[PDB]
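Have a look at the structure below before the remarks.
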Amino acid sequence: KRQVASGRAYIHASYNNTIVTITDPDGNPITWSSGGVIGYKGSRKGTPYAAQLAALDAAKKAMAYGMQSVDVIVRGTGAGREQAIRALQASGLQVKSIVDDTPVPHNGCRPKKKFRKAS
Amino acid sequence: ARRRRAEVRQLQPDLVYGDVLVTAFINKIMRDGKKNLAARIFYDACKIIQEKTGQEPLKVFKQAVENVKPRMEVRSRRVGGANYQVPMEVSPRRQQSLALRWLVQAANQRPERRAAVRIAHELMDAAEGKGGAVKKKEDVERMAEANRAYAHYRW
Amino acid sequence: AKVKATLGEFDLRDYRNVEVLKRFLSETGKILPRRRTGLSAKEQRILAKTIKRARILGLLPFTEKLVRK
Amino acid sequence: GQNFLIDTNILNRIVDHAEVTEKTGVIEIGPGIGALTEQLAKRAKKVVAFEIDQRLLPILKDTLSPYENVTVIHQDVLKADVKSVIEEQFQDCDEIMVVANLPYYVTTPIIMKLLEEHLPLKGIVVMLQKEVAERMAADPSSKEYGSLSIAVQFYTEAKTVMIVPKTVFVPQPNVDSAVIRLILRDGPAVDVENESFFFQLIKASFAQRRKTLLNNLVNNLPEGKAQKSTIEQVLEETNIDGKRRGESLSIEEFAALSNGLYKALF
RNA sequence: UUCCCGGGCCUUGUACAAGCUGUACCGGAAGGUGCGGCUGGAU
RNA sequence: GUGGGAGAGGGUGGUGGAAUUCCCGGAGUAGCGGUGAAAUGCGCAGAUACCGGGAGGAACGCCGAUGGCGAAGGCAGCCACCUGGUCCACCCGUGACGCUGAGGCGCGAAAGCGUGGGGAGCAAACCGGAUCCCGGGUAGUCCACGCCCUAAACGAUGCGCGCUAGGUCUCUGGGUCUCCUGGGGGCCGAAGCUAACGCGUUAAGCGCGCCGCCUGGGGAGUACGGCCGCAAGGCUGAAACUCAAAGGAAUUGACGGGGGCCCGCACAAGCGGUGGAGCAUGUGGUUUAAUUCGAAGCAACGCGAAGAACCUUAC
C-alpha cells in the first residue's frame, strides 16, 4: 500500500510482553505485532521464541506492504532483545541502523514497591 | 567419572578382513554372548552384498558407515527449571558409536524374516544414502542448528 | 588510553570549547569517570560543573543514543 | 495451625470464667484437637463443633467418640444461620453460649456475624491477640478505642477476663494472647436511631483518626462540604466541640449526634 | 558437573547444649502495612 | 590584622532537561497489564506499541567516591543575591582577655496536628482479585505560617588541653617541590590498656579541669503528683509484689534459610530389567476355632523360617 520500501522498527521489549511496530519514515505506524497476535499467553510471552515468531510475522506483513530496509530502534529490556534483533536482521530486511533507545528517568518520579531498595 | 577421563578399550582386528570396525559392528549385533551367530549372520550379509553387488564389501561398509555418521547432536541443559537443547559437535568415537547403533537397530526392524537378509538390505540402502539409519541421522541433524538461539549455552 | 592523555594545554573552566569538552562524554552524553578521563579530584569536579553549564547552554547533549546493539 | 494447649487447667479456667454448667449447652466453632470440646462435653449436656473441612472430621473419630454429648455438624460457620441448628439440635439445651478456638486469624468476621444475626443466646468467650481483644475492653479514649469497640459495645457489654502469656501455645506465637467474655445485651445499648446511618457516622469519624472530629465529618461523610455549617450547627446543639477527636466521644453521644444529623441533611 | 541423592573437609549465623527501632493506622492481627533510621545482618 | 583556599553549610529569587500521568490531533488494529499459576482491571465510544503539540506536580540520571561540608538532625540540576563555620602563609597588633557549664534560651530525620492552597507519581486505612502476592485507592508524601518535639538522634564512645614508635592510602593548603611542613577522612600496628572482642597521635593509653549519668532482673518508663501540648503524647518518676538469677565477650560442639570445595553406576554415556500378563513366595488388611509371634523407610517384605501332611508348634 504505502510501498515506501523503507520504514523503522520500534521493538518494545518488556519482561512480560514483546511488541514490534513498523512505521513509515514520518513516524506514523504502519503495522504492529504482539505476543497475543501469535495467541501465546501467560508468563511464556517473555520467552525469546515467541518474540522471534512475532518478529518474523511482522517482517512478512511488512514485505507484504513493499518493505525492503528499515531502522531498528529497540526499546526496553525484555528477555528477547538480542534474539529478535538476530531474527529480524536476517529475516530478509536490509536493516541499516540499530540503536538502543531505552527511556531511563533522570531521577524523577518515585517507582513502585518492587523497584525500591536502590544502591 | 570424576578424576579419570576414562580410557577406551581397543577392539581386536577381525580374523577375516583384518579390521576393527567389523568387530565393533558384529559386537553391536552380538547379544546374549552369541558372537558365533552374529558373525555368521554378518558373513551371510557379506555374501549377499558380494553376490548382489560386484564390488568388494569392505569399501561399502566404510562408505555406508560414513553415510550414517551424525555430525551435529543436541544436548539437554537444565537452566532455572527449563530445558535447553543445545546443538554441539560430536567426537569421531561418538560418530562411529551412534552410526553402528543406528544401523543395527534399523536393520532389526525391517519387515523381512531372515536376519542376514534384513541387515543386508539395510546396509545397501545406507550405502545408497537413503534408509532408516540415514533418515534418523538427518533427523537429529535438522533437530540441531534449529536451536541456534540456545547455542550460547556452552554446556 | 585516557582523555587527558590525548590533549595539550587548555582551560577547564571554558564552557564554550565544545571541540574538547565533547571528548569527556561517552557514546551517550554521559560524563566519563576518572578511570577514563584521568584527572585528579579538583579538575574532575570543575570539569563536571563546566559540562553541566554547557549542557544548559545547549552546546552539549544531556543524553544520546549509542549506535550499537 | 493450632495452638497446642500443653498446660492443664487453663481450659478449665476459661470454662469457669464462662460459667458453663450441666444446664448449659455450648457451641464450639472450631473443633481443633477436641480438648476444648472434651471438657465442654464433660460438664455439659450437649456440645457441637462446626467443621468447615471434612478432612478435619476423622480425628474426633477416636477423640470425641467416647463422649456422647458431641453432635458433629459439617457446615461452614460463615455460610449458615446458627439459629436453625440451635432450634433443631439444642432444643433440649437451656442456655445457649459459644466457646471458640479460632487461629486468632478468623475471629473478627465470625464474632461480628454472630452478633449481626441478632441471635438470642447467653454470650461468647474467645481467646485472641492482646491488642485485638475487642481492642481491649476499650473506652471513650486512648489508642485502643475504635469503630469495632463502638459496634461491639453497642450490641453487647464487654469484659476481658484473662491474659495468657507464652509457653501456653506450643508454636510460640511471639505474641501474647487474652480471653474475653461477651454477654448479649437486652436490645441496643443506644436508645434509638437508624442503624445504617449510625454505623456510617461511626466509620466516618474514625477514618482519619488523628484529625479533628469536624475535619473527619467534612471529608469522610458524603458531600458534607456544602452542608458544613448545618453539621457544625448540630454540634452546637448536641454540646460537642469539633475540636475533640472522635476517640474522645462516648457511644451514647455518638448516637445523640446521629439523631441530630439524621434529621438535618440525610 | 548441568542437575538430582548420600557423604567428607571448610567458612558463616538467627537459635540452641534477615532482624531491631521512632511515630501512624488496622470491622482477614501466631500480627501486617505505610514513612524514615540503624547492623547489634549475607552479596 | 594582612594575602589567599576548598566545600551537596543555610535562606531567598529565577530557570534546564530526561521521565511518569492526563488532554488534543496525524496515523494505525485486537488485545493490553500481571505473578510462582493466573486472576481482578482496561480496551471495538478504538485500547496497547507510535509521532507531533499542550497541561501540569514532584525528584534531580552519568559526574559519584572507599569523597566533601555542618554542632547535631542533615545537606547534591544549574545561575545569581544575602550569610554562617573553617584552613593555610606573614608572625603585624592586644596582653591570660581562658575551659567547662546545673537552670534559661534556640535548633532538632521521619511520623503526627491546626489554618489555606496543591496533588504527577507512590502509597497506612479501605475496596476488589487468586491462594505472603496482584489490581484500585483517601490521609500523607508538596508548599506557606503556627504546633509537636521523639528514634538503633550511633562512633551505642561529653567538651577542652598536654605527653607516648611508626608504615600505608585519600582530600585540601604552603614551600626551596616526588622531599619537607600544616588541617581533615580511612586501614595496619610500638608501648600501654581491656573480661575478651578489640582500641591504639581521629586512644578505649598516661594525666589535669568542669558537666550528665549508673548501683540485680521483672513489675515499668507503669501509677501518682507537677510542668508543657489542640490532641496524640512528651518530661519528671516510684512502690507493693516476685525470681536467685538477668546479662557481657569468648571456647568446644550440632543444626540452619547459609555459601565454597572434593567424592561414590550419584547424575550423565549405554546395556539389561520388574512396573503391563500367567505362576511362586512374602507381608498389610479381610475371614475364621485359630488362620500364633517378632521385623515397617533406607537399614521390614524369598527376613528369623538353611525344608510345616503328624511331627515342628509356640494358635
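Residue 1 is the first one shown; counting continues down the chain.
The header says electron microscopy, 3.6 Å.
Backbone N, Cα and C atoms are what each Cβ position is placed from, and that goes for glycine too.
Feature annotation from Swiss-Prot assigns S-adenosyl-L-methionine binding site to D:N3, D:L5, D:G30, D:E51, D:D76, D:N101; the stated evidence is sequence analysis. Annotation for D:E51 (S-adenosyl-L-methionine binding site): same-chain Cβ neighbours under 8 Å, separated by at least 6 residues, are D:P31, D:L57, D:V72, D:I73, D:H74, D:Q75. Taken residue by residue with DSSP, D:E51 (S-adenosyl-L-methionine binding site) is part of a strand.
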Compute all pairwise C-alpha distances among D:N3, D:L5, D:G30, D:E51, D:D76, D:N101, the residues listed as binding S-adenosyl-L-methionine, and give the largest one in whole angstrom.
25
Let me know the DSSP-derived helix, strand or coil state of D:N101 (S-adenosyl-L-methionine binding site), please.
coil
